[PDB]
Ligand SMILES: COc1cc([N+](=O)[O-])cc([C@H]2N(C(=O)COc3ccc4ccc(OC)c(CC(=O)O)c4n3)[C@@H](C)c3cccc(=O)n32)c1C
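The data below hold one chain only, encoded as structure tokens and taken in the form deposited without the named molecule.
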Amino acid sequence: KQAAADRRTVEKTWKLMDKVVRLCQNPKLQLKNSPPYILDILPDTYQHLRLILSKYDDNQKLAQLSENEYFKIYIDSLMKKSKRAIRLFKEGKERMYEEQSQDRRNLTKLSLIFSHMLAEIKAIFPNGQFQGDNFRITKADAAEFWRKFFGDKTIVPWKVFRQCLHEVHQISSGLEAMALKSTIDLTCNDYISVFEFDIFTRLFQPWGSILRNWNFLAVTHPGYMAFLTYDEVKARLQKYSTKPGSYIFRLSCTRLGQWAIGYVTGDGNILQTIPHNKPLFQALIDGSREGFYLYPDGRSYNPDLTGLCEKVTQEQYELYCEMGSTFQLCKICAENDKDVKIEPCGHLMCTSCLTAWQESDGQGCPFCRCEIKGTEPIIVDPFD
């Protein structure tokens, strides 16, 4: 449960965000000015919160704002992520000044989360006023699914979302559900907002085959580059500037819900196209036919996508999850966090999954089958 998001609670997030900005201003970090840039995002998040407060301009309106389900979750998540960034610096020490460290990679994961939370609050409280209950999902067939299972909710727990999505599009494993959570839960708060749902269904449309589109285009396609800036697209394609037709497709933290396809022209330049609210596989098929998109990430083989007009290893899901924040999630159910450690193997899972395995007379540890000599309750952090 989350506390009421009253003025005092909102101001506590500002004080935590101020500490994060000051830690990130350390000259030793050499933090680059490129999206997601925490030094721009946190001041812009304070400004949007200030704008919301200015619209709920009396004690009656403040009381209604403080009990809004989405706003309580947002403020609780912002508090947690800001505390996590402070803890990152406290535990990371001198490794924060090494650009290639896992600690600095974790700061990039948090910067992406802050960027996505700012985009989310701007979409749910446009001009500072709550419109979550009136949110217009871009694809009507996706909107009908959200209205059927969640009515006019602005946000729902991941556990409930996953179970309901499975009733329409079957998810075949815990690892697939984990990769799917990492893809949709962009704010990494264990909830799916109607805004996060809108982004996912725009990217992986058409709705009728959404999980096939996602498994093919994001999890296994060699052209997929996840969140990149244009400087990063150029750096990836530069080595293929003498191979016209070399291409990649990326997500953009400043253009959520849209793809950007970077490609090498016949004259060796690197350009990009933003497909116009149409399926990505159709833009890639058309571009292949026209001779523009031939070699994904410069590779000799371009996967045939025509099966998407009318498969994934457990390793492929694992590799896809590396950039995300799902280490704390139980890999067996992909719906509860890891809360038990087995001795002596050290494997982690939720107690509900371990109990189910033991009640089935499963041999030892669910993962490695070794004898369980003891168990211990544990708390797992996404950056452990």
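If you superpose the two forms and keep the largest set of C-alpha atoms that fall within 1.5 Å, you have the rigid core. One-based numbering along the sequence shown.
Beyond what is shown, the protein has a form solved in complex with the named molecule; the following relates to that form.
Pocket accessibility after superposing the named molecule in the deposited bound form (3+ atoms within 2.4 Å of backbone/C-beta): Open.
Partner-contacting position among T138, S252, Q163, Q131 - heavy atom within 4.5 Å of the named molecule in the deposited bound form: Selected residue: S252.
One residue of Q282, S241, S173, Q272 in contact with the named molecule, assessed in the deposited bound form (non-hydrogen atom, 4.5 angstroms): Selected option: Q272.
Exercise: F145 in contact with the named molecule in the deposited bound form, heavy atom 4.5 Å: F145: no, not in contact with the named molecule in the deposited bound form.
Residue contact check: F150 to the named molecule in the deposited bound form, 4.5 Å heavy atom: Taking the distances in the deposited bound form, the answer for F150 is no, it never comes within 4.5 Å of the named molecule.
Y230, heavy atom within 4.5 angstroms of the named molecule in the deposited bound form: Contact check for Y230: yes, within 4.5 Å of the named molecule in the deposited bound form.
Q258, heavy atom within 4.5 angstroms of the named molecule in the deposited bound form: Because a heavy atom of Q258 falls inside 4.5 Å of the named molecule in the deposited bound form, the answer is yes.
Options 67-75, 258-266, 151-159, 84-92; stretch whose heavy atom lies within 4.5 Å of the named molecule in the deposited bound form: Heavy atoms within 4.5 Å of the named molecule in the deposited bound form occur in 258-266.
Core-fitted Cα difference of 2 Å or more between the shown form and the other one, single residue among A226, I86, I285, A235: Of all the options, the C-alpha that shifts by at least 2 Å belongs to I285.
C-alpha of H276 moved at least 2 Å between the shown form and the other one on rigid core: Yes, the C-alpha moves 2 Å or more.
Per-residue C-alpha change between the shown form and the other one, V264, threshold 2 Å, rigid core fit: Indeed, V264 is displaced by 2 Å or more.
Threshold 2 Å Cα movement between the shown form and the other one at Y247, rigid core reference: Yes, the C-alpha moves 2 Å or more.
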